[PDB]
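Report on the following structure.
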Amino acid sequence: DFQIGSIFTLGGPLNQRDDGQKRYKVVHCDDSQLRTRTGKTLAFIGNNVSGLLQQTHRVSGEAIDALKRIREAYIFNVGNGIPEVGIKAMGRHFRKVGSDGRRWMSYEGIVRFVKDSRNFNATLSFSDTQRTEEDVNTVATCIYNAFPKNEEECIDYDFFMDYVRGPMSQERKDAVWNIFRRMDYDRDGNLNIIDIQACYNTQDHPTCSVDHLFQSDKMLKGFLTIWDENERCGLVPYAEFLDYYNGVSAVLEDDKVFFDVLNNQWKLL
Amino acid sequence: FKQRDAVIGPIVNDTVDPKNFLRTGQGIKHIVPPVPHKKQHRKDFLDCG
Amino acid sequence: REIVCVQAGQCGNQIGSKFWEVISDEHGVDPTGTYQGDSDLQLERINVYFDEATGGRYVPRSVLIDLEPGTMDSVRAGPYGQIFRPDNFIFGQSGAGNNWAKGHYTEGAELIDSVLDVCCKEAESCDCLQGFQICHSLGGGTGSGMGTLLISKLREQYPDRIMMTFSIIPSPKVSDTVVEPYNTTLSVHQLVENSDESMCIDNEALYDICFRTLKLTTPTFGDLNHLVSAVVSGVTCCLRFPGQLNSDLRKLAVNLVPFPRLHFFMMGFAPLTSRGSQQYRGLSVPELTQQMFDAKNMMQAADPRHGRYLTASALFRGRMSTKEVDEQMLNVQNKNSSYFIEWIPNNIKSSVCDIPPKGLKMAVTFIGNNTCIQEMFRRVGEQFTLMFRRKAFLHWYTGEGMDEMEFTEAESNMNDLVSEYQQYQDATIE
Amino acid sequence: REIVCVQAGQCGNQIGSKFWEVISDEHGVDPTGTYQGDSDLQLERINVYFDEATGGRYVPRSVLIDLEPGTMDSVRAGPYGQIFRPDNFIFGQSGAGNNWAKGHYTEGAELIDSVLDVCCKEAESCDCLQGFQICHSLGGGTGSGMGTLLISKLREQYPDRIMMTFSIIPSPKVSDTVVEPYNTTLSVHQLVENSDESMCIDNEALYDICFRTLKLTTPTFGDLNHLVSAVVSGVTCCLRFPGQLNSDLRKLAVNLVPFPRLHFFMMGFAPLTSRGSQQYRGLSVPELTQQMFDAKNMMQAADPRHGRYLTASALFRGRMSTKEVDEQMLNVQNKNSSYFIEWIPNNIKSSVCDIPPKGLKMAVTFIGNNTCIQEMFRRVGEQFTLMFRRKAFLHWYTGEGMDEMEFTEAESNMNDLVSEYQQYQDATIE
Amino acid sequence: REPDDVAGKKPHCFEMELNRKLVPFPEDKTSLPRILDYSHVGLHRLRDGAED
Amino acid sequence: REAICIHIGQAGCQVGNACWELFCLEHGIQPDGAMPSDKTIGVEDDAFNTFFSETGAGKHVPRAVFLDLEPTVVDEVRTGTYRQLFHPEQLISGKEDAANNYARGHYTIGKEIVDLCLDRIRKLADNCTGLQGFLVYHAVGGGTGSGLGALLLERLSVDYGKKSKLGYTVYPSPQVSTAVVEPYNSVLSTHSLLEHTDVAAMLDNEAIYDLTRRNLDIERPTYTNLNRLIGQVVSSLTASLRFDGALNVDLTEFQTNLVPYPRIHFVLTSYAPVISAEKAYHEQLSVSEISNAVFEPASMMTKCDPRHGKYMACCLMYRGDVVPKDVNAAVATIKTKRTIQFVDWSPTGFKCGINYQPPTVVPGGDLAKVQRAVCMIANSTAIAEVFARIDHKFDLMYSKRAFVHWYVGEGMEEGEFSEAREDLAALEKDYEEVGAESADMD
Amino acid sequence: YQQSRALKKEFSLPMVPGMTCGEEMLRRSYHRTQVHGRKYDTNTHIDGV
Ligand SMILES: Nc1nc2c(ncn2[C@@H]2O[C@H](COP(=O)(O)OP(=O)(O)OP(=O)(O)O)[C@@H](O)[C@H]2O)c(=O)[nH]1
Ligand SMILES: Nc1nc2c(ncn2[C@@H]2O[C@H](COP(=O)(O)OP(=O)(O)O)[C@@H](O)[C@H]2O)c(=O)[nH]1
Ligand SMILES: Nc1nc2c(ncn2[C@@H]2O[C@H](COP(=O)(O)OP(=O)(O)O)[C@@H](O)[C@H]2O)c(=O)[nH]1
Ligand SMILES: [Mg+2]
């Protein structure tokens, strides 16, 4: 159960540093002084019942179609044809992290989410508004019932983006976290907007260097625009960074293209 | 740099006697010896004529 | 920078038990000794009061001494008793009998070597030893005799460190022991030579604090010892947490004592709020300062209105502006100028610490050096002279072996201390 | 580099049985003699104490001598008794009667030739012989008389090797035998001329070790003999395992003995601590050094505080840094300088060995040469003088045949030993 | 003999609000973006022997 | 920790029966000496150790000796209900009584029996590790109690030395009387008791009869009631050694606080909530009310009025649910009273004790059940009046040598009467001199 | 998503210097156990194997 990549949970917190049940992943293993190797064949590794539940669960096709059209609606309307910004804003209403260590989706949050796609609307007459309310309620009900729920009737955000964004390898997550760790000079969970401004690489971008179709400073300002809290306090939490890179990883297919653009994006030390 | 010391412990049972009681002015006082310090006086005196 | 605690006698052992409960709570130490806290700020100075035992455990830098183990059996049976190291408990086989001569000369010389071995092990274990801290009553028998014996031996061994004592002194209205004047006079004679700084508490002042300010319906000694443990843990707070204006025990001694014999201070702790009135008064630096100077909040019977302040110190805990602290100390000094000795231009030192005690937004502890303490010594000297002229109970002390000349020396030294306070009260610039 | 052991008398045979159990456990030798160990480090020096018997077995190079076979029959019936070579048990048919003259002159000279024949066979069997090691009590009868006779014969036949003794000596408070002063005085007279190094243990000191430090509820002679076997096996550990700074019995003698008569030492073993206390104190090099110096952990009644250290030796077992060891020995010499002889610039030798005893993270054995041993000889000389003036029990010894001049020389020689120790204690450079 | 008494029952309705933490809140901090005027890299000094 | 009880003669053995009944019922030892097996508390308590020792099989045995010259009372203890509790060596009985003669107890018969008693007490003292005093119960009115009690206390005082000896003593009542020769025995006992006792508590049956008639509702009391009250007092004084509390009081503290000069060691004793069950339901029993109760002369167990003298020291023991602030407020109010006066050389007149264990209730007892109680022992000059009255009675008879031939026949010189009477006269003058204010003498 | 075998641990309220009640008086038996002079080990708790 203590192999590399084994996820297990033990129980409730036994000190004041945590507030809920958490999952732990083994990253290193040493057996230079191990003489009794015990193991049960045809058995799961670790204590990861949630992952098994996700693997054995099946979602309906109409749910997948609804999420496909919802993603299209965000990518066009909320963005400007740029898929990364469109996907980034798609999880705007589920930024809060719970004591479990994962983000939860409520039904009212889902209803507010679907309404923001700017797709279910028409003339401001009374009958048309009622019809739009009925349609958005039906879509939200269809999406909500296709996923497993916990106590207090909420679903998981990661399992949601498994069907919005798609599967993501461990190497991509590791590289994203490495960039975040390098850019964070304190040890809180927030990034400063001035650091993002200083460390981004609009200057060497070919659309500003060899094609001269965009200006470097204007595109830098446009990049500083997309963060939700840049005009008020200038703090970007971990979840927003991971949402942006969820969009980025969803956009690209190949691994080497992803890694090259990821390395070229930030001019860190 | 200084690390810990071991300690042996004194015998003070024979020191305490009822005939030799404490008096005023014989407490333990720790005074460092004076150290002379040389001071330079390169400051030129004011001469406004 | 580490403190070593000594608890002597029944009062000392009980106050020590409550003190170590308060300290273990503030640093999040389980009664098993395991750290279960929630901030690195707690761990980075845990060494100041705890030594580290293997696999997580912490042990308190404390020595418990008593002549009969009854109180120690009560503290070992208590809820936090397990934390104490078994080898730290030093005991004899017969009680002090509330007699100073017995506690100092007969069982004292029998046990003292084992107490010096334990105290030197705790002292040398430290990285950089700061002063010792001792809790005892002066009216008792083992508290007075063994406290002053051990203080004299530690002053011989470690003369460059600080010696600090917390002491209980007899109430002016009702005695708890008949022979209190002899034990008090001899103990004050020992302290004025050996001690660097001494705080005095009257149980009557704590009873009036509990009934009038806290309006407790059924107070117990646990509440009085909790108030004392709160101020004791507060004086050292700047030693073990960050702050805008750090302070240290030696800095308090340097700012409080003008002349070496004048080292007796009054103590107070401010944020006491009544059981049913918290809705009527908001927390603010003026509110803490107003309670800080109210004589109702002082733990001694003498009142400041009959004397003058030579010096005072205030240690603030919490997130607050330095401007409000400085202007409050200026306003109090300017408005009440007649109660401050005029040949010193500023009598109050301030200090500010960032981390308040759990559950309080802000707190301050106040230490005051006031000449009205001369009234207590005069009363004790009167009662001593009444008893000594008639040999009221002297045969116990003389039968143990004491020379009568020791009593006349202690009386003369205390009378000279009262005279010196009276002379400095009425001094003038001319 | 092989050691030959000699076990004499009841005390010697009983301590020896436990010693060979401890050594057989450390090298993983089954009571049948078969090797069952789990590391090559155990086998590569097995020759030091064991000879190889056919098809795997090992036999221990030890001679057991006694005048009545009762003890030998008890040890042979014990769980490890089979390992001993049958031809190595030598016994007579009547006891020593606790009389030095009987054990030395009548049955001693009768049996000694068979013991010398066995000892010569054992010495000439070694490829390279190191010193002999003998365990016996000085207060008994066959132990003292026949042990000192054999010591004299081995010093005549092997004067270039080392002679080391572990000896049990009478307690200052309670005697185990009435005629102890005569046997002790005659034995010390023989040892100071013949011996190269002598270690002294009080059974009363072992009782105090068990009760104060280990707090055992029901100790038995097996525990006292286990403490002794532990220290004995510790002194030789660097001879038979690798290490960062090797040491040897001859090198210990060269560093410990300033002048040939001053070869009497105090002994101690450090990681002794009660089962209740172990959770409160982690093992560390400063903790071994603190227990090492504490007189509570020393196996003699004399206390170092009444004397001065001429020299001392510490043998450390385990993989550890040399900076911690050299620094702790410098710190203890500099802090407590009054207890160290000032005309020697460094009194402590250190040695480090990689392999600790099983089940302990670290261990040290301490050997000390301190002038406070003079008070023990003075006490024995006083009791001897009290008995001799009244001719106490002398007819037993005179009936065996001893001349009184032996008694007057032995008393004079011990008195001169006390005077010489006293002169070096109070010596000065001038 | 008679059993002991304990007083852990019927507490206040809002006991779970009370905190047990020494530092319940993290420090508050903010940041400002920079206005890139020509003074951002114009007006800087150059090395004493810079040659074309 | 440990204390040894010595019971002498008839009153001392009968009071001992009530005391050991109470200590058994309070700790929980059954009459056969075994703790009940039905309880599954899991913990193994040791608080009994102050009064009981265990063998190892779990039987308990008590730290007491019973001494008598007539067999009847000790044989009644041997045949009674606690027969299996005591070890037979502890119950010592002679053949014939001291016949109300102090001389017969001291010189002729107790001198023969005393070495067995000393050997038993030594065997008890060898089985201790923190002995802190002897408790002695006897009456000075009878022959064996006076003579053998004095001789045994004298021998204990030479053999054990500094160890404290506390006596509970029944003195001759001012009008209730049992024998004609009581004054001679009480004077001769008191002569020995001045030198060889650290604190002596005095009791008179007439006071306990008055207290049981007025406070309790008993029309026809008998000695078992008085003995149960005495047992409650002893339990209150020794509770400080056995249970948790705010302010403990060791047996050595009494001598230091109550005795100003070595001869002035006789103290008065009183107990507060003596009340019946029917009165107990009409009244609350707060700390201040029982503190006010202990100072009324109707509460005292000796027939003397403290209003005729001045107090030198008071020791107040509170047990049960009491808080120190209420004790302090009560004592300050008592100090305010005008009929309570202290000698001017004793400014700090009080010693306090506070223990949490409430008093135990005995199945057939007559006291009500109460949550708290207070007991006081105090030193006062009013005590001089008791000796003065025993003196006139001695002087009136001795003027005609009314019975002296019995004492001289049993071994006493006639001179011993005059010596004892002059020593008690000097004690009377001591009580006059100690009470004179210093302001009058300048 | 269910809680696993180990249980939540509860922590008590903070000890304010005031606002405390007499909880020590709620007991009804105050027998004291002798530990220092008799038990060599004292009441040191060691867990089960
Ligand atoms: N309170 C109380 N007083 C008692 C008791 N028994 C006897 N007395 C009183 O004590 C006095 C008699 O003393 P005793 O104890 O009978 O004398 P003794 O010790 O037997 O001496 P001998 O007669 O020589 O054997 C009288 O004043 C009795 O009233 C008792 O059980 N309780
Ligand atoms: N504040 C406080 N005072 C106490 C406590 N215990 C005793 N005292 C006081 O201390 C004095 C008695 O001294 P004590 O400790 O008994 O002396 P000892 O006999 O030498 O230990 C009296 O004034 C008591 O009121 C306690 O727990 N807290
Ligand atoms: N430490 C220890 N001392 C012992 C042992 N057996 C005997 N002694 C001591 O040695 C002395 C008796 O000497 P003994 O061996 O009988 O002399 P022998 O008759 O010549 O053999 C006494 O002081 C005993 O206490 C033992 O196993 N261990
Ligand atoms: Mg009778």
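Protein chains in written order, with the authors' numbering: chain 1Z, 91 to 359; chain 5B, 55 to 103; chain LW, 2 to 431; chain KS, 2 to 431; chain 2W, 54 to 105; chain LX, 2 to 443; chain 0B, 3 to 51. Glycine included, C-beta positions come from ideal geometry on N, C-alpha and C.
Reference residue i; option with closest CA among the options
| i | options | result |
| --- | --- | --- |
| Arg208 (chain 1Z) | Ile160 (chain 1Z), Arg255 (chain 1Z), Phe216 (chain 1Z), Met195 (chain 1Z) | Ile160 (chain 1Z) |
| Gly140 (chain KS) | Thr323 (chain KS), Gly98 (chain KS), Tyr159 (chain KS), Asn348 (chain KS) | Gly98 (chain KS) |
| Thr35 (chain 0B) | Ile4 (chain LW), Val7 (chain LW), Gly34 (chain LW), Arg77 (chain LW) | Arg77 (chain LW) |
| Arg306 (chain KS) | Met363 (chain KS), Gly29 (chain KS), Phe265 (chain KS), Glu376 (chain KS) | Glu376 (chain KS) |
| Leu332 (chain 1Z) | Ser196 (chain 1Z), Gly279 (chain 1Z), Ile154 (chain 1Z) | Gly279 (chain 1Z) |
| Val30 (chain LW) | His33 (chain 0B), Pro16 (chain 0B), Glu26 (chain 0B) | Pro16 (chain 0B) |
| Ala428 (chain LW) | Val258 (chain LW), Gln11 (chain LW), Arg309 (chain LW), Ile91 (chain LW) | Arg309 (chain LW) |
| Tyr197 (chain 1Z) | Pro238 (chain 1Z), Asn211 (chain 1Z), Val351 (chain 1Z) | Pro238 (chain 1Z) |
Amino acids of chain 5B, ordered along the chain, whose beta-carbon sits closer than 9 Å to that of residue i
| i | result |
| --- | --- |
| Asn347 (chain LW) | Near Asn347 (chain LW) there are no residues of chain 5B at all, since even the closest Cβ is about 28 Å away, more than 9 Å. |
Within chain 1Z, the residues that residue i reaches when beta carbons sit closer than 7 Å
| i | result |
| --- | --- |
| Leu89 (chain 2W) | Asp307 |
Under 8 Å from the C-beta of residue i: neighbouring residues of chain LW
| i | result |
| --- | --- |
| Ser278 (chain KS) | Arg86, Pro87, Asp88 |
Interface partners of residue i on chain KS, CB under 8 Å
| i | result |
| --- | --- |
| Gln80 (chain 5B) | Ordered by position in chain KS, no residue passes the 8 Å Cβ test against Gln80 (chain 5B), which lies about 23 Å from the chain. |
Proximal residues of chain KS, C-beta to C-beta of residue i below 7 Å
| i | result |
| --- | --- |
| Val60 (chain LW) | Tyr281 |
| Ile65 (chain 5B) | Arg306 |
| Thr55 (chain LW) | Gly283 |
Neighbour list for residue i in chain 2W, Cβ cutoff strictly below 8 Å
| i | result |
| --- | --- |
| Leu418 (chain LW) | Those within 8 Å of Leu418 (chain LW) in chain 2W number zero; the least Cβ separation is about 43 Å. |
| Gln43 (chain LW) | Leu75 |
Proximal chain 0B residues relative to residue i, where beta-carbon distance stays under 8 Å
| i | result |
| --- | --- |
| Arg243 (chain LX) | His33, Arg34 |
Beta-carbon neighbours of residue i, restricted to chain 5B and to distances below 7 Å
| i | result |
| --- | --- |
| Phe294 (chain KS) | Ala60, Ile62 |
Chain-ordered chain 0B contacts of residue i [CB-CB under 7 Å]
| i | result |
| --- | --- |
| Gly269 (chain LW) | Residues of chain 0B passing the Cβ test: none, with the nearest at roughly 12 Å. |
Per-residue contacts from residue i into chain 0B (C-beta, under 9 Å)
| i | result |
| --- | --- |
| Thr361 (chain LX) | Result: empty, since nearest Cβ-Cβ is about 11 Å, beyond 9 Å. |
Check: For the segment 283 to 301 of chain LX against the segment 345 to 364 of chain LX, are there 3 or more C-beta pairs whose distance is under 8 Å?
Finding: Contact fails: fewer than three Cβ-Cβ distances are below 8 Å.
Margin query: Taking contact to mean 3 or more Cβ pairs, one atom from each stretch, closer than 8 Å, check whether the segment 214 to 231 of chain LW and the segment 341 to 351 of chain LW are in contact.
Written below: Taking 8 Å as the limit for Cβ pairs, the verdict is that the segment 341 to 351 of chain LW does not touch the segment 214 to 231 of chain LW.
Check: Contact between the segment 151 to 171 of chain LX and the segment 118 to 125 of chain LX: three or more CB pairs below 8 Å?
Finding: Judged by Cβ distances under 8 Å, the segment 151 to 171 of chain LX makes contact with the segment 118 to 125 of chain LX, as three or more pairs qualify.
Next item on the list: Report the residue ranges of all beta strand (DSSP E) runs contained in full by the segment 176 to 223 of chain KS; include only those spanning at least 3 residues, in chain order.
Entry: Scanning the segment 176 to 223 of chain KS from its first residue to its last, the whole beta strand (DSSP E) runs of 3-plus residues come out as 198 to 203.
Check: Contact between the segment 220 to 228 of chain 1Z and the segment 117 to 135 of chain 1Z: three or more CB pairs below 8 Å?
Finding: The segment 220 to 228 of chain 1Z, when compared against the segment 117 to 135 of chain 1Z, does not touch it at the 8 Å Cβ threshold.
Notebook entry, point to check: So, do the segment 92 to 102 of chain 5B and the segment 210 to 217 of chain LW have three or more beta carbon pairs nearer to each other than 8 Å?
Noted result: Result no; under three Cβ-Cβ pairs closer than 8 Å.
Note to self: Under 8 Å: do the segment 38 to 53 of chain LX and the segment 174 to 192 of chain LX share three or more Cβ pairs, one atom per stretch?
What the structure shows: Judged by Cβ distances under 8 Å, the segment 38 to 53 of chain LX makes no contact with the segment 174 to 192 of chain LX, as fewer than three pairs qualify.
Margin query: When you compare the segment 378 to 397 of chain LX with the segment 352 to 363 of chain LX, are there three or more beta-carbon pairs, one atom per stretch, that lie closer than 8 Å?
Written below: Between the segment 378 to 397 of chain LX and the segment 352 to 363 of chain LX there are fewer than three C-beta pairs closer than 8 Å, too few to call the two in contact.
Notebook entry, point to check: Is the segment 368 to 375 of chain LW touching the segment 411 to 429 of chain LW, taking contact as three or more C-beta pairs under 8 Å?
Noted result: In short, these stretches touch, since the Cβ pair count reaches three.
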